[PDB]
Amino acid sequence: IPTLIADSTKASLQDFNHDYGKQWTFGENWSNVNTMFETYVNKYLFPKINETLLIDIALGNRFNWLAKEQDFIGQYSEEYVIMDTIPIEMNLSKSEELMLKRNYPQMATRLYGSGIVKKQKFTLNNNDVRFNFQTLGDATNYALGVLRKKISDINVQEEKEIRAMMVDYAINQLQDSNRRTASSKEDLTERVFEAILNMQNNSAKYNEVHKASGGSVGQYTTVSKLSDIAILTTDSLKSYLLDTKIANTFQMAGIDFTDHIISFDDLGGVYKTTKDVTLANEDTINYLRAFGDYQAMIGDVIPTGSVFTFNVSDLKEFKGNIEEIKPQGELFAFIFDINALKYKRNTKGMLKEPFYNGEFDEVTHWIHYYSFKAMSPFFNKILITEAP
Amino acid sequence: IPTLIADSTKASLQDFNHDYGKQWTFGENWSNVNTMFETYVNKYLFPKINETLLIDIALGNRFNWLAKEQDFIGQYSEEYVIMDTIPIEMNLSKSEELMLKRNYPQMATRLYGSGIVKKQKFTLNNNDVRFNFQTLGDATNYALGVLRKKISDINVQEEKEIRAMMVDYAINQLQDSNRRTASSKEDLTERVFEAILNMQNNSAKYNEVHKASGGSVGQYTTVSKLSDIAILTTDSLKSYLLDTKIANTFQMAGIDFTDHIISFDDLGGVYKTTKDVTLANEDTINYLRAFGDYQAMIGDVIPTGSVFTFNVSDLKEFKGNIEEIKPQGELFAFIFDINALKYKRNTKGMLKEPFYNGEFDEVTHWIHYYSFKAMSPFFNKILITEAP
Amino acid sequence: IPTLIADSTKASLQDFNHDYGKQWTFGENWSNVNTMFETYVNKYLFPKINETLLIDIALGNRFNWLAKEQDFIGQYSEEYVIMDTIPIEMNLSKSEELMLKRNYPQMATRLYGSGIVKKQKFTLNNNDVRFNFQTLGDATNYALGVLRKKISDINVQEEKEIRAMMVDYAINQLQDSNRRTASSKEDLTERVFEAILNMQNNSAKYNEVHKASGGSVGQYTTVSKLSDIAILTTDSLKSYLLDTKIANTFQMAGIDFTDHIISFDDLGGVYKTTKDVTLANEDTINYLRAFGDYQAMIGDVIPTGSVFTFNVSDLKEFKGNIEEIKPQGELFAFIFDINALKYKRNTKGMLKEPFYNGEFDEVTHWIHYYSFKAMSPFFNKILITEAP
Amino acid sequence: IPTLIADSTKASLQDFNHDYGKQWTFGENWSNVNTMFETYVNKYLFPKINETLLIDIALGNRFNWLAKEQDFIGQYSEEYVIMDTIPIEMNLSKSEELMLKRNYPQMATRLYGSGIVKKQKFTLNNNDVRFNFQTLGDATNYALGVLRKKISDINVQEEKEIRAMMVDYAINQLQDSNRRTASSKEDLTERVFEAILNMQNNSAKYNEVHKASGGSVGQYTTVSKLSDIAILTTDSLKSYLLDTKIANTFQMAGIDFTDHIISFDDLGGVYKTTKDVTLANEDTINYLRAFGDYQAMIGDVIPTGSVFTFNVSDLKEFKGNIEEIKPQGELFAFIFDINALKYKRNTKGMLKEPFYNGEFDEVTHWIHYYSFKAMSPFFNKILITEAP
Amino acid sequence: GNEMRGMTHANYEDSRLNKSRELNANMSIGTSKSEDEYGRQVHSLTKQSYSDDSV
Amino acid sequence: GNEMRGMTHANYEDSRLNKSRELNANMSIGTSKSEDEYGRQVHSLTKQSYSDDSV
Amino acid sequence: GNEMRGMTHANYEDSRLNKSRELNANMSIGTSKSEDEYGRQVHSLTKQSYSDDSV
Amino acid sequence: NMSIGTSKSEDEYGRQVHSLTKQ
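Residues numbered from 1 in each chain as written, not as in the entry; some residues may be left out. Chains lettered and ligands numbered in written order. Heavy atoms only, no water.

Its PDB record attributes the structure to cryo-EM, giving the resolution as 3.50 Å.

As annotated in the PDB entry, chain E is gp19, capsid lining protein from Staphylococcus phage Andhra. The deposited PDB record carries the title "Capsid structure of Staphylococcus phage Andhra".

The PDB entry annotates chain A as Major capsid protein of Staphylococcus phage Andhra.

I'd like a description of the sheet that holds strand β16 (residues 381-386) of chain D, backed by residues and values.
All names here are of chain D. Here 5 strands make up an open sheet; going across it, the order is β5-β16-β10-β6-β7 and the pairing mixed. For this open sheet the edge positions go to β5 (179-182) and β7 (261-264), each flanked by a neighbour on one side alone. When the angles between neighbouring strand axes are averaged without regard to direction, this sheet yields 20°. When strand β6 (residues 229-234) meets strand β10 (residues 332-337), the two strands line up antiparallel, connected through 5 bridges. Note that in β10 the partner of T233 across the bridge is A333. Each of β5, β6, β10 and β16 is contacted by helix α5 (residues 185-200), which is oriented at about 150° to β5, the strand it contacts most. (Pairing = 2+ DSSP bridges. Helix = DSSP H or I, 4+ residues; strand = E, 2+ residues; numbered from the N terminus. Axes fitted to C-alpha atoms, helices over the stretch in contact; angles between N-to-C directions. Contact = heavy atoms within 4.5 Å.)

Help me get a handle on the relation of the copies chain G and chain F, residues and values and all.
Screw-axis analysis of chain G against chain F gives a translation of 0.4 Å along the axis, an RMSD of 0.9 Å, and a rotation angle of 60°. Expressed as a symmetry operation, the mapping of one chain copy onto the other fits a six-fold axis. Across chain G, the smallest distance between a C-alpha and the rotation axis is recorded for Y12 of chain G, namely 16 Å. (Least-squares fit on C-alpha atoms.)

Go over the packing of aromatic side chains with me, naming the residues and quoting the values.
Residue and element names in this part refer to chain C. Counted by the stated rule, this structure contains 62 aromatic pairs over all chains. For the pair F193 and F257, a centre-to-centre distance of 6.3 Å together with 65° between the ring planes defines the contact as edge-to-face. Of the two residues, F193 sits in helix α4 (residues 185-200) while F257 sits in the loop between α5 (235-246) and β8 (270-273), which places them 64 residues apart along the sequence. Classification of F193 by relative accessible area gives buried; the value is 1%. Since its relative accessible area comes to 5%, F257 is described here as buried. (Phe/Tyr/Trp six-rings, centres within 6.5 Å; stacked < 30°, edge-to-face > 60°. Buried < 20%, exposed > 50% of the residue type's maximum accessible area, 1.4 Å probe, protein only.)

Help me get a handle on the interface of chain C and chain A, residues and values and all.
The interface is formed by 57 residues belonging to chain C together with 74 residues belonging to chain A. In total, about 6,100 Å² of surface goes out of reach between chain C and chain A, with carbon and sulfur atoms giving 55% of it. Considering only the surface of chain C that becomes buried against chain A, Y76, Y80 and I88 of chain C emerge as the three largest contributors, covering 12% of it. In this structure, the connection of chain C to chain A is made through 4 salt bridges. One salt bridge connects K149 of chain A with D84 of chain C, and the closest N-O pair in it is separated by 3.9 Å. Between chain C and chain A we count 38 residue pairs in polar contact in total. If you list the elements that add at least two residues to the side of chain C that touches chain A, you get β2 (78-82), β3 (88-89), β4 (107-111) and α4 of chain C. Here the element with the most residues in the side of chain C that touches chain A is α4 of chain C; it accounts for 6 residues. Of the residues that constitute the side of chain C that touches chain A, the class distribution is 27 nonpolar, 18 polar and 12 charged. In this structure, strand β5 (residues 116-124) of chain A lies alongside β3 of chain C, joined through 2 bridges in antiparallel fashion. (Buried area = accessible area lost by both parts, 1.4 Å probe. Salt bridge = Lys/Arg side-chain N within 4 Å of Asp/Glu carboxyl O. Polar contact = N/O pair within 3.5 Å; in protein donor to acceptor, adjacent residues only side chain to side chain. Nonpolar A, V, L, I, M, F, W, Y, C, P; charged D, E, K, R; others polar.)

Describe in detail the domain arrangement of chain A, supporting the description with residues and values.
It is common to give the size of an interface as the accessible area that goes away when the parts come together. Residue and element names in this part refer to chain A. Along its sequence, chain A is carved into domain 1 (70-268 + 326-388) and domain 2 (269-322). Relative to domain 2, the C-alpha centre of domain 1 lies at a distance of 25 Å. Contact between domain 1 and domain 2 buries roughly 680 Å² in total, counting both sides, with carbon and sulfur atoms accounting for 53%. Taken together, domain 1 and domain 2 are joined by 1 salt bridge. Between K272 and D168 there is a salt bridge whose closest N-O contact spans 3.1 Å. Taken together, the links from domain 1 to domain 2 amount to 2 residue pairs in polar contact. (Domains from an automatic or database assignment.)

Tell me what's going on with the pattern of salt bridges, and back it up with residues and numbers.
Inspection of every chain in the model, using the stated rule, returns 68 salt bridges over all chains. One salt bridge connects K205 of chain C with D266 of chain A, and the closest N-O pair in it is separated by 3.4 Å. Here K205 of chain C, found in the loop between α4 and β7 (229-233), pairs with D266 of chain A, found in the loop between α6 (235-248) and β8 (270-273), and the two come from separate chains. Residue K205 of chain C is classed as partly exposed on the basis of its relative accessible area, which comes to 33%.

Any chance you could break down the sheet that holds strand β4 (residues 107-111) of chain A for me, citing the residues and the numbers?
In space, the 3 strands of this open sheet follow the order β4(A)-β2(A)-β1(B), with mixed pairing throughout. In the strand order of this sheet, the two ends are held by β4 of chain A together with β1 (49-53) of chain B, each with one partner. Neighbour to neighbour, the strand axes of the sheet diverge by 15° on average, direction disregarded. Pairing geometry for strand β2 (residues 76-82) of chain A and β4 of chain A, over 5 bridges, is antiparallel. Note on β4 of chain A: the bridge partner recorded for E78 of chain A is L111 of chain A. Of the strands in this sheet, β2 and β4 of chain A together with β1 of chain B touch helix α4 (residues 136-173) of chain B, which is tilted by about 30° from β2 of chain A.

Tell me about the interface of chain G and chain F, and please be specific about residues and values.
Contacts between chain G and chain F engage 7 residues on the former and 8 residues on the latter. Each partner contributes to the roughly 710 Å² buried at the junction of chain G and chain F, and carbon and sulfur atoms together form 47% of this total. Among the residues chain G hides against chain F, the three largest losses belong to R16, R21 and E22 of chain G. Together they make up 73% of the total. Linking chain G to chain F there are 0 salt bridges. If you look at where chain G meets chain F, you find 5 residue pairs in polar contact.

Let's hear about unusual backbone geometry: which residues, and what values?
Positive phi is not limited to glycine here, since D276 of chain A has a value of about 50°. Overall, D276 of chain A belongs to the partly exposed group, its relative accessible area being 40%. Phi is positive for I255 of chain B, which is not a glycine, with a value near 55°. Within the secondary structure, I255 of chain B is located in the loop between α6 (235-248) and β8 (261-264). Overall, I255 of chain B belongs to the partly exposed group, its relative accessible area being 21%.

Can you lay out the pairing of strand β13 (residues 351-356) of chain D for me, pointing to particular residues and giving the numbers?
Look at any regular strand and the pattern is simple: side chains alternate between the two faces of the sheet. All names here are of chain D. Pairing geometry for β13 and strand β14 (residues 362-371), over 4 bridges, is antiparallel. In the sheet register, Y356 faces β14, and the bridge partner there is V363. The turn linking β13 back onto β14 is made up of 5 residues, and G358 within it adopts a positive phi angle of 85°.

Talk me through the environment of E323 of chain A; I want residue IDs and the actual numbers.
All names here are of chain A. Looking at the secondary structure, you find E323 in strand β9 (residues 322-325). Judged by its relative accessible area of 52%, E323 falls in the exposed class. The contact partners of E323, leaving out residues within four places of it in the chain, are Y271, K272 and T274.

Right, here's the structure in full:
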């Protein structure tokens, strides 16, 4: 292999990296011999490249419609329901003093709290980056590609967070009355039909009022209209219903719930810490950096309940302290009233101003946005999931 | 936390509870340090709440159409049917005195008697409730919300009682001849078809005139048109018909009885005590209070046959003394002529006048109404249930 | 007679293949008696042939639409994608110097440069090919017939290579997440139905960015739109879908994916060498000549990864050094994004000039073309294959 | 002539009584020469009658006023009264909780029973009653006369029964406290005059609310106004009472003691069956028939407590089984408030439709009416009777 | 006198399970018709007009 | 008030599953009625005209 | 950019299998907004009009 | 000394029993 290809003294990196360098040069002599670039007819000609394509893809958020723009002014918020009171027989043997005795309306209420701010950063060099691209137009495509990608990443993350929120709520918060078990896919599709009908009649079974402050003992009866019901299921199930249940049935004039399905391939894949891990190794920070966390440095503490959205389990500190939020088993259907989601976002002034370091000719750009995602206890939800 | 956060003396409650209190105060000092409200930037500003939400839901009573307003004047009611007379041949051999011989019309009768008067109550503070809401408008919504909930509860309970009446009648009261048995759900669908056709013919088997007083000797033949026939079933059974039986049949052009079906999720869950149970514990009264029973107090006796409409079984006194009105075995299809239901109500002056306690600035309001629910033996009715 | 026919001294071949031969011919008497061609009226006339028909057929390449004409001018091409960055929460306790820190955009790239310059040649004698055809019109047809057959071979062979490239990529390059196992054909059809839906979601599972240079640690999420998903399967599966699935299903409207399928009778059939094999045996060089490889000579080296496209395994040197690019188990459904294929061609000046050998009177025409086939890692792909 | 008159062969009766009587009559000669009816001027003419008187004595029920028409449907009569409450002092020192105290009203009651229905009938013959009267007009009077005698009979019977009710009630069903004892006829007059005034006093002692279900414990103060007081005494006793000077002073004042005092000669003549007798002899049925009883037949059972209203004691079945309802001892004054005699009656369609035999040319007409007689415990009653 | 209401958003028709055409409240004997001439004559001998036999 | 939106290019309708007809909020008890004659008398003893049998 | 083409003479349509409605690219966060009143004042303190209770 | 009143017409029931003016 020729010495020149191996030699690093002549690299551009060498010129920029060091304080003083050779101002004048007479060109080195190139040969393709015993190298990947060898050409039979002519050795001694530098390799020539035709294209440099961008291959940029646009991704979207399924749940964007739910997001509602809001001002960022105050932190807490609250909602309440007046709890049910059964009509009681007129005893008439009671003392006349009962008229005076006072009982007030009883209510159950929740406080949700403030949101979380998120940031992304990219810097464009204006010197070395120019060496990489043959034409000025290719470099401009590259810059827009970074901005375009940055927004797409945010959409993808928000979708993951909403999908994970729902899967976590069902797995942990739901009561026994809400939960149901499906032995097999055929049973599951039938169970989902039963659920749509069941949640359209008055029932206190599916409410989570008990978790709310005033519901420890008591009942709240709510009814959920059909338009609202929407179902989050794994794709395997939708494929089955369309491929087998719908195709085989003679009459499906009514009785089709596929408009409501929000099928996702995984549901699982968003991880949540437990046990308050503290970053301690370079190798750990390097993995996080690859996924975009410039901020992270050794000695920072990651609190319990932190949601990563990428697999950090293998790295040392998180080895036994990370848990995955996912459906348990292949069969999963969380059938819920749409009103429960509570997603709000503020995008005013999302793209922050550029900062230019004259030394090094680099401009750093930032994108900052606010997101609050939550789930309301009061509305109806039902989980049909694989039997244990 | 700061001392102020936990200090009872600084509370508004103390001002109301004690007979004398400090008229003048110089305000206390607020800090968010080491408390849930901590704000990174300020650390000395009070927490701020953006919104408060009622989440009121309106609930209905399936059987309202049946209810008939009536005056509340007299305790008992009766219904009777004139019994059948078979045409006889002219025997001219008989003595002419047969003209004088007398034949009298005959009848079978039933007596159904008293009603039930039920009450609900709520008290509105005026003086201290105002502290809770930021705007007067939120507080006014709070008062409409308690009234609306109160009314919705009356509707849910009445529905539960009518549903329970039918389930209880079918399991216990129904004549043995009327009962029919289906081995599988597929058989049940066929059984329903046979019954709908059979009961439109002129026959005495379906009617329960035998139970009525005059039926022991003689016959009564009644006919029930399709326009009136109605079916009470669990939701899972209706789901079966729609998902599989209707979906699978090649031609359901006619032959669809699902318009008639009234399907309920639980079709049970109304509980009736089997022994006299005397309230004996504080914890028990507290559970009852949570469901709105202000009247309940220790030492009161609940007589046998009392219907709770909520699950009181867990409580100490009622542990072995409660039984549930429920279908047996998961196949229930009580098919009955609609005329049999007998639902009567009196809601004249339903919203009793308010009582204002000038001391304490409180007005306490009440709602009282009469309800009679019963089932008539005379009309046709056949139950299809799983084979025992 | 048999003895005359047997003698090869009289053969035309002997005159053509030797330096000197006997110019004068004294005729050989021919008798048709007791031979297959005997005729009743004249028993000494040599048999006469009526037609000499060609039976030429035209074969075409399935994948021609994909091919893109390009000037053959430069060796390499490259393409790249920008890697995903997850949004990071605003710490706000980080040192204020973080603004100065520089975070650069990251990407993954691939270099694909290649060409193969495939050729083939045919020679028309003008002496001795005449001996074969009685009318000069058929002899001219024979010449056109070779040219057309040579062209058909180009088309059939390119198809084999595109088909083989895909089977090879799937069998070896794909990750565990992409791979799926199907026990039976009904299970497979459901899996194909599921994969179409899975690909439309946003997921990094089906991308092969990890193989690309910058993707070793990070993640890239891409979405594959329907209308750009083509599925490659065997005909046995397509036949199954049409015969037993599409035909039997009541509601196949909407659920038919057969427009996408690119079914081949047999996906396997192309062989790739492992190890290096020098053509030691003469018998081997002769076999390769049967398939049109005049170039092969004893002692030449066949490099690792050479793709034969015919079964060379039985030959001695290739006995253990050959491995077939093939589906495993008869169930194969490689579903992929169409954009991944990258087929390019240059066919300018395809029909090179003829060279007339004055000695031997032979023209020697040549056809040369350039073909580049490669598969891109970035786009989504799934393989459903028979369960091990 | 004595002999001609004696012969009964020449009688209208013989022809009507038997079949095949004599059709043709040649007149019998008549002479009064030695008989009664002889006249100085014309010895031979038949005796001629100036008039047929038809004396009818109208008889009436004295108690007919104080009869309440009822328009009967249903059977029982309730008769409640509300018990007394005595006014109480203000007692302003008492706790303010006294405001809440039920103070429910209290009452007494008496369910009387149902009333017997009675009938009478007269058959009028067109054929032979005509022989008796000289002119048609006299015969028409005779028909009106029988109907009027029937109406007169209803009245005498009802009067007798009301009188008997009072005598029986006084002797047997009376509160012991009410009774008084008179040693001599003179003492009785003093006692009776003392009693008239006692009723006008407002006191609870005279009334029988102590019976009447209701309350033994409380008091009901009833007052009997003059004009609502009347004394049931024997005729001799009425003469003694009127004779006294007090009676004269009352009449001078304006209250007619004579109308108020009501008297029958013996207050007796109504008989009560004891011992459940049954008719057994022809002679008895004939006696009953003389008194108008067509219905009676041998073997009919007369229940204990049947009120005959004529003396049947002589007849054998009733010889030891009849007891007269009569005051015991000569002295008997029962002084009662007039309102006490409940004497409700229904008289609609009193005269039922005629029935024409048509053979014998006779029409039978019937009078039917409903009578209910009872005495109320609530009003003041005192009985003064000779000391045992 | 209760009467049923539909209770379903859409359904296939229920004709074919109905026997209204086969049996109905109508399809009953007619009470209202008066005696034939013979009957009226038995009740009151109104028709004194015709006697078949000659004097 | 989030509102669910269509997630399919094409599908059959969901009318059969809809249960609005069966049970809806509109079907509820009415509180606008006023008291019966007896009640009005209990409250005010307005009517002093009739006391049934008297004296 | 290769483009898939029809490989079959006639087929039932593929509509149901498409999630273009469910997760389209166009459904995405919007970056065109400008900062709120508070933000503009942080950057330039341009509003000096109102200081609330003063003096 | 008043007397029982001789006649008033039959109640509605009486007339309907006699005639059965069905309606």
